[PDB]
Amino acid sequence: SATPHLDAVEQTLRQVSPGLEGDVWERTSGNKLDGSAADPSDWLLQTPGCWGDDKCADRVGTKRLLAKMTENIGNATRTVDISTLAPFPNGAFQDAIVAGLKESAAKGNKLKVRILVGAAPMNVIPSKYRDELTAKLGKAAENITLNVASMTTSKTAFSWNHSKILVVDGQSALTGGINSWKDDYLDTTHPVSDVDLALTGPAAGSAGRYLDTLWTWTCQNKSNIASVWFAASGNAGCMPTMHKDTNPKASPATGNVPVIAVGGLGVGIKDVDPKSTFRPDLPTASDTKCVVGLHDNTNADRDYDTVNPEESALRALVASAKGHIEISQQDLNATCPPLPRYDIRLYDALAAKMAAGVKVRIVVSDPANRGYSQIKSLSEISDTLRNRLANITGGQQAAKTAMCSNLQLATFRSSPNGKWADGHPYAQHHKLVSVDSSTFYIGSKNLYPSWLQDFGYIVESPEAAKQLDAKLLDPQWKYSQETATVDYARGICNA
């Protein structure tokens, strides 16, 4: 095949979540990574994009991210569809949305707009955000039908929307890890380092079907104050199926890029995919669950996987690698309680790969951040990998040799300095996996245990994967390798 990695992932997802194909995951062809003529890798909406400068003076990433947001929204003719994690967008993110909506209005378009945030359980937040937006729009609000909502799907599982998506006309989609939070990303001399992608094509429709899934639940639960706080313009109702109702089911082709869209429904929306007959083997005994009483959805709940295909898709992406795997995350491990510390099957898949000589790079955020870190030491990652490798290499000594011959494990820096020039540690927030300079995931879904609604794209294009290397992964490794505890390429093995 032209696409051996997507082929593998697709076969898994069809076993795991068949009833969800089309809506919560979907393979499409004919997409385009939507970069400029001048700088074609700029589909890759990294932020801040100030490599090598501990002052972050020239934020070429941030500038491109905001311009692209405004451009896509300003090209809207029918719909704008936005999800994120609360707080609601502010500062220049908000400015970007308003500028775009004013542009669309000035071109003569009447739009439907949904803006959905996951929260944390008398909430005036949504009505307040609607009113602020309508005010800032002025006249341009007259032809916008607006829906604004905050939602929590499960209080006990800490489940709510964590996806960050911006779909226009079901044709263009921006998604990734970036929260629209000005103080963390923008008005700061220690900006969080993160990444979204920009695409067009049928895969933008997959995002639109994903958001209709979320809004169908939200609108159903709109009179439940515990679950949903909803606010709309004028007389307008909740729009559960804006995408279905307004955009073509058959989104126009824009390129030749194959993509798998994959999301998750968390906990509290739908408990199982009744069509699934997936029954995987439970992994070998681990020490992931810190307390006996905790219900562990990541490692001990078969029904959970079936409505959360993204967990399996990321494990399947790892399992598809023939040569090398690069992972860039905030964390690999979660704080326990109330989550288990780690995804056992993920670490098992990384271990299987290193046992077979496939190289693995893991960069996480500096533990000095601990919001943007959930470990105290990199040894919490290496110990776990070593322990899972021991199960398959015959013991602890062999495990450590395998690990040291195949792992790069470090914390993130973006310049020669150990911290930003302002004294604050570098924080990263990517949810990035790339394999074989071929196929990569950019989305909201963390690899650490998490039971939220999330979404992302897995893209198979060596062209694009090489741009990703040159523009993000190579510079990341250039500066971050100085913190490595394990680095096979340099004979470093301190774990």
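For every residue, the number given is its place in the sequence shown, counted from 1. Between two forms, the rigid core is the largest collection of C-alphas that superpose within 1.5 Å.
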query	finding
Stretch with larger C-alpha RMS deviation in 6 other deposited structures of this protein, core superposed, 380 to 388 versus 286 to 294	286 to 294
Rigid core superposition result in 6 other deposited structures of this protein, more deviant of 124 to 132, 208 to 216 by Cα	124 to 132
Size class of the missing deposited segment between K359 and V360	none
Unmodelled deposited residues between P121 and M122, binned	1 to 3
Selected stretch [higher average CA B-factor]: 112 to 120 or 328 to 336	112 to 120
Greater mean Cα temperature factor according to the PDB record, 141 to 149 or 95 to 103	141 to 149
Largest Cα B-factor, entry values, listed residues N179, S276, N406, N417	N417
Criterion, highest CA B-factor; candidates, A313, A173, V364, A250	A250
Chain-relative CA temperature factor third for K55	highest
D287 - Cα temperature factor, lowest/middle/highest third of chain	highest
Modelled-residue ranking by C-alpha temperature factor, third containing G264	lowest
Among modelled residues of the same chain, the CA temperature factor third for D469	middle
Third of chain Cα B-factors occupied by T213	lowest
